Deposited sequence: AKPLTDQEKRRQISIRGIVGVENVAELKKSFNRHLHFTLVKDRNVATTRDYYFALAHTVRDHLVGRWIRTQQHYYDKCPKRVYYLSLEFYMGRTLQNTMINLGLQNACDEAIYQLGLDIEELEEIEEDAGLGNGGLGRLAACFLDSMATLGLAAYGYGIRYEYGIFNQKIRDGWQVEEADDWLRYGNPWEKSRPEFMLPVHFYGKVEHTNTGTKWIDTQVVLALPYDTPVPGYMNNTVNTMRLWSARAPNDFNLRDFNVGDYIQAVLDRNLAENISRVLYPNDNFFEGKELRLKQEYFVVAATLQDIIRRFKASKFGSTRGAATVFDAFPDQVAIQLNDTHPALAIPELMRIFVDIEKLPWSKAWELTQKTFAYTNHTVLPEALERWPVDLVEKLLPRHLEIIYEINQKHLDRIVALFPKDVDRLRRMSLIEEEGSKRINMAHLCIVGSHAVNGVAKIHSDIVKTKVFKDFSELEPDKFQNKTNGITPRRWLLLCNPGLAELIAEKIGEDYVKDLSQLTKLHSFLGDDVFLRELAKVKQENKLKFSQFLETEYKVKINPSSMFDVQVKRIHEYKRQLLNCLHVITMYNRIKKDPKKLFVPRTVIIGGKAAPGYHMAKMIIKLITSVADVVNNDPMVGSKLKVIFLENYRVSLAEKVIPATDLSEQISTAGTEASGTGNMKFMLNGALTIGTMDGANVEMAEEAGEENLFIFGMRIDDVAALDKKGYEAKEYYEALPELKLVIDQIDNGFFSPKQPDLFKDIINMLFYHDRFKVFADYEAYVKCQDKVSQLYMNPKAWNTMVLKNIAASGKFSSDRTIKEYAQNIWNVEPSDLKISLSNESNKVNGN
């Protein structure tokens, strides 16, 4: 209760932080609170893991190079049902829990959607009571902190562990060795991988609390550690493996250090998984072969993209070289164990490691990969005697010039299930990208539409909305989001609609406070919050948005008195350090913003803000305060998107193309309840066939012309007129994302948005239909499908009893 919590807080402030109320810092208070809450996880964490051992349910291992977790404090309190009591305790202690919460560093061990999906999945799996484990890397530095200097992005090291992470638990007794380089000998006692350099893998466990169910799963993250002065200093080399997260989103960078990270997670993970298996005492541990026949019935490993592809040849290595199992058997058990999820579209995102590199670092794995390919191709040849080109198409090796390994191909042949993350995407993957494989193995390919956890992305980030909905339809929706359809009953309820708007109103107010204390700008709280937050990339097209912003600005100047719905345009996101065009687009946006925000004639009519350091904790703030969600990727480029789901769940209307999950959002809530626009996948194809001539649009649309000329002649960069020539050049001759092609339809759609915004009742009526139809987008629904059609496991509804 409140009294015991205050007592605990004081106890930790004293014994754990070694402070008293007159000397304690804000960070000390945060730590005291964190520990007070953390103590409540222990009992259930221990019992949960003990339960999995006793009952031996099939376990799920989500293997990923990224886990975009954000902060843990508030999420733990909520899932533990502790928030209001801690709220009261901290208040009575004379402190502000909200300020204590801001002390916590984000666990930004991810780039964006891919990493955040893993995070949402862990929460859902814990809530569904599944015996699930998250396996990743404990990066000393996560996604860099972003600063904006003189309009340009500036990176700063994310030293998130500097003062200690109370949410992680070092597990010394489970340390393991990982091998690199060396050579291989095929002796008469099996093949041996020798002369290798060893790097220790130290696991750190972080509790994953299920929502109100006594289940507490585990996220195990590995850190690299080394097994006269210069020699000691050189231990840094081994430790560099888990030093930093590669800041690339949808872009493959074949650096050797990255390959080392991939094998690192994979090696430690699989060895730890096998150790756990061989300790489970599973039905008859009979020596030597020790069964392992039940391994696939007790273990499921999901490959989050191809980053951990090496897991396949690594399991084979363990089964064959160490466990001495016959190849055919090992391969069988291997396919039954692995499942691969594809999240990529762009050619530049595909992982293709040159063989030479892999030969040097992982000689034994290259051999195993060649053997897998050999057996793979033999069969195709067996099935298609007269189709030579089919062989080069399906091989795991691309021989043309420099030889490379197609990691996706390896994942496909080593897994019993391959899934995309959205209907439109899964179809492209199955019928186009991997047509040669799906024809041969139809039933292998599936779709699993992404989802987001309604705990973090609703109960946590928008308590006001969560409360309002609960009051009307009960709390059942938290565990069964489809229940939101009940909200349809209030479609004509004016009072409800009024209450809905107030909540949004309240969120916008709180966020506007944030905006003003952070940026010199003054926000019109009456303005429509137009938001586009996500990683900066050309396919995302924040550039298209920028064109519309300039378009709006030019309209205001031309007619300073016309009827206009005021807007606050917010665009945020990080650009990969080496992504030149992305960095230029940021400076463009900041440039435009400086002109827009300071032009006296526009004044409070329109404000532009480049939201700095967009990350999970910040997302939890801006999303709830949004009116219009920008999801404008070129049709066919956004595999799924998840930010789109968060905005929909939080009371915002969507403006976007028929791409990724946007299509299913339209399916669920009705197309007229979303502002869809632009080319669709078939249109983009026709354009590519006919040939994209950007100038065409430029010379045919005056509003666009003025925008482009202004950018190109220096209207937004007077002291440096040709700053954006790179953007111009790409926009006119190398824009593979057809920005000008969707401009007109985009601007026309935008005007429609404004019209609806003038009608509060109609706007909120559409909002309600969106929220009421967002149920399918709960990651709980996603995981159920995975569990049922891929992992072959079963959700459990129980509860770790405590007192008596």
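In this chain, the deposited residues that lack C-alpha positions fall in the ranges 1-22, 250-261, 839-846.
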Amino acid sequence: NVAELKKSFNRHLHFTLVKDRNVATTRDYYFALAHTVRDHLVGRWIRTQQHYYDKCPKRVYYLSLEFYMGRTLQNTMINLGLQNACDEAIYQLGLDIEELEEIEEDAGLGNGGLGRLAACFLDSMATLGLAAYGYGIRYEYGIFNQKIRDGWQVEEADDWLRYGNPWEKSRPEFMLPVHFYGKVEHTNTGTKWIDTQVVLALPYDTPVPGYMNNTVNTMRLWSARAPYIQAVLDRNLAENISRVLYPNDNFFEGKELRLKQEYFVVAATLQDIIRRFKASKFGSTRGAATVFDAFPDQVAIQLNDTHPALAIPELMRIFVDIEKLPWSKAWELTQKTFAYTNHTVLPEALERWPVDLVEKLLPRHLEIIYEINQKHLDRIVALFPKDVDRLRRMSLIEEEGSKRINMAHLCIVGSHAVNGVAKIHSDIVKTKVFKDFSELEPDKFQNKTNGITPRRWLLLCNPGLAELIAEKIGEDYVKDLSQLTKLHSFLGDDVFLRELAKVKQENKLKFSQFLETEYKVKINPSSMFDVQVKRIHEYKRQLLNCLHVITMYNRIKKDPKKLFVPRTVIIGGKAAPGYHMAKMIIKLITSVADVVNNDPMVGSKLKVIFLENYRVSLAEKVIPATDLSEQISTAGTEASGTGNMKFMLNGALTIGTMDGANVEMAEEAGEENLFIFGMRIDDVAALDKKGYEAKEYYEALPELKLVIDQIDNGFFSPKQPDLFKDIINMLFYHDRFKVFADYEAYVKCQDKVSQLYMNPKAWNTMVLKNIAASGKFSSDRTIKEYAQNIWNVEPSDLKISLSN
From here on, numbers count along this sequence of modelled residues.
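Higher mean CA temperature factor between 498-506 and 114-122: 498-506, per the PDB entry. For the two regions 698-706 and 82-90, the entry's Cα B-factors average higher over 698-706.
Out of 317, 225, 390, 416, it is 390 whose C-alpha atom has the highest B-factor in the PDB entry. Of the residues listed, 762, 768, 753, 32, the entry assigns the biggest Cα temperature factor to 753. Annotation for residue 28: CA B-factor lies in the lowest third of the chain's modelled residues. Residue 784: CA B factor lies in the middle third for its chain, per the PDB record.
Annotation for residue 623: CA B-factor lies in the middle third of the chain's modelled residues. Residue 493 sits in the middle third of its chain by CA B factor, as recorded in the PDB entry. Sort the chain's modelled residues by C-alpha temperature factor and residue 772 lands in the lowest third, per the entry.
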